[PDB]
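Below you will find one chain, with nothing else, as C-alpha cells; this is the form deposited without the named molecule, and questions on how it binds or moves follow later.
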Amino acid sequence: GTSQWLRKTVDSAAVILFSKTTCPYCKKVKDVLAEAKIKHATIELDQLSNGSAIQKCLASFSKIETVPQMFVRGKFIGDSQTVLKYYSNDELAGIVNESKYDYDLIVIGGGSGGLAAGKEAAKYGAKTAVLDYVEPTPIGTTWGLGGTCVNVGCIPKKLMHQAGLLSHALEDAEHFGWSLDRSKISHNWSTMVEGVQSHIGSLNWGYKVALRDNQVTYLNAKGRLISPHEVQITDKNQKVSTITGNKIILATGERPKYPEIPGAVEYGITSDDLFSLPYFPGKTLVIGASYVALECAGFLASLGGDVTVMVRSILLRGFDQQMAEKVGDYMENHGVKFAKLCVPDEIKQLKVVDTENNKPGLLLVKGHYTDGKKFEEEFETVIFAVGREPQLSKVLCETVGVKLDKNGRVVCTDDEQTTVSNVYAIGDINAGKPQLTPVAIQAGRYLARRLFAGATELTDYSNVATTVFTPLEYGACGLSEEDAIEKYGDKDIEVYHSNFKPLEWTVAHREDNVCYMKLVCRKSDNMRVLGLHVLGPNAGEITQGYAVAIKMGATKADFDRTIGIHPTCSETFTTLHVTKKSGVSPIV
C-alpha cells in the first residue's frame, strides 16, 4: 500500500519536509530552512489525496503523527521545536550536510539528459556532481559543455538547415516584388560557422552558470564507475582520484562509427567535425543514409556545394518508406546526387588538408555497386554517417555488474533502473528507447523527482513525434504505414492521404504536388489514428500539436469535427477524405 511509497521516499530524499499548507508551525520551519540557505523537498499532505494514511506511517519513523516532520537522508530530525533548537545552537548545518558519501547524486555525462537530471535534483536538496569530458575526434575536434545536441547535433545542423532555406527566400523574392539580383549572390561558409559557433559558445557558458547557481559541482573530468557507489575521475592534467555518491546516473550518449575500410579514420570526417570545420567542404561525398546523412547533404547542396550521397540500400531505414522515398526524390530533383546501391572500399589521399590557406585536401574514393561494377571518383571531403554507438567500456567497469544488451546499451526497467539497484541510465544509452533530446530531458527530469522528491510519474516513451529536417522537412508521429499493416492486417487498415501546396508557393511558381500528408487508421477501433505523416515546410511546427491529440487516442472523427485554420498547410489534416483503397488520385 501507501507504506512502501513512504519508505522509498524517506530513504532516498536528501532533505524532505512533510508539511501542511494551513500550518503556521510548518511555515516557521520553511522560513528557517530558507534563511539558512537549505534547499529541500516538501510534501504537502493536505493536498495529496490520502495524506491521512501517510501521516500514520510517518509515525513508524518518527513515533509522532503531527506535522511538520523533517527528514535528512532517511533519518528523522525533529518537529518544529527540535529543528528550531538545532538552529539557534548552530547544529543545523552539520546535520543536513551529514552523509555517508561525498554526493547524493553523481551524473556521468553533461549532455541533454545529464544536465537536466542534475539541475532538477539540486532543486530538492541533493548534493550533486555532474561530470563531462569530450574525447576528441581523430583529427582532434573538441567542444564545450552541453552534449551532442548543443555542440555537434540538433542546434548547429538546424541553424545550417536554416541558412540553406534562406536561399529559397532569395529565389522567391523576385516573384513577390523584390528587385534583388539573385545571380550575383554567394554564400560564405566561414562567416556562417562563426555565427553558429558563437551561439554555441553562449550555450556552453549558459550551462556552466546554471550549474553554479544551482549549487551543482561541475567537474570537467572523465568518469568511470569502478563500484556501485565509487566513480573514478581523471583530470585534464592526468590526475586520478575517487569520489563517492549515493545515486549514480549514467548519461554518456554515443559517438559516430567508422566503417572498417582503409583510409576512413585517417582521411574522412564525421558530423562531430562538420559543424566547426574552418574551410568549406567543397565537392563532398556523404556516405550513409540516416537522417544525419540526408540532413547534412541537404544543406551543403543548398549552400551551393557539389554533393553526392552513397546509399548501401534504402533511405531512412525504420521510417515510413513511402515517405522516405518522397523525401529522397525531392532532394534528387533539387541538386543532391545519389550513388544508389553502392558501398565504399577505401579512401586514398591525393592532397593533404592545407591549414595555412584554409583549403580542404583531395581524396580518391574507390567503391563498388551490387552488380559488381566499380565506383571511382575524387572528392575534396568525405563525411561518414554510418550510425552512432556507445562506448561503455570506457565508462563502466565490468565487475560492477551493469547488464548491457547486445549492441552495448544499458538494460533498464521502466523507471530507468539498471541491474545494480542504485544506478540508473537515461538518454541514448538506455536500450530500446527513442534516441532524441526531448526524451533524454524528460527522462532525466522525471527520474530526479522520483529519487529526491517522492514523485511517481514515469516517462512515457510511446508515440514520441519526430521531424527529419531535410530540404523538404518530414514530420511523423506514430506508426509507419508498413508497420501498421504488418501489425493488424491489411483489411483492418484505412489510410487517408492528400497532396497539398503551401499558399506561399503559388506566386513563387513552385511544385503543385510534392508536399504530401497521410493518416494511417485502424478500422476495427473507431478509425483510430495509428500514425500521422507530413512532408512540407515547417513540418515540426505542424506535427507537434497533433502529438497531444494522438497521445489522447484521436480518431478520424476527432480530426473531422475540428475546424481548420486558413490559410495554413496544417489545416489540410482536418478535411482528408481520399482513401488509398479507393484508388482516387491524391493530387491538387
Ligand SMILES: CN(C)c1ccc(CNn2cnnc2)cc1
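The first residue of the sequence shown is number 1, and the count goes up from there.
Keep in mind that the form solved in complex with the named molecule is missing from the display, and what follows is about it.
> In the bound PDB entry, does each residue in the set 5, 42 and 124 place a non-hydrogen atom within 4.5 angstroms of the named molecule?
The answer is yes: all three residues contact the partner (heavy atom, 4.5 Å cut-off).
> Does the named molecule get within 4.5 angstroms of any non-hydrogen atom of residue 449 in the bound PDB entry?
Residue-level check for residue 449: yes, a contact with the named molecule.
> Any of the heavy atoms of residue 210 lying within 4.5 Å of the named molecule in the bound PDB entry?
No.
> Counting only non-hydrogen atoms and a 4.5 angstroms cut-off, does residue 456 reach the named molecule in the bound PDB entry?
Yes, residue 456 is a contact residue.
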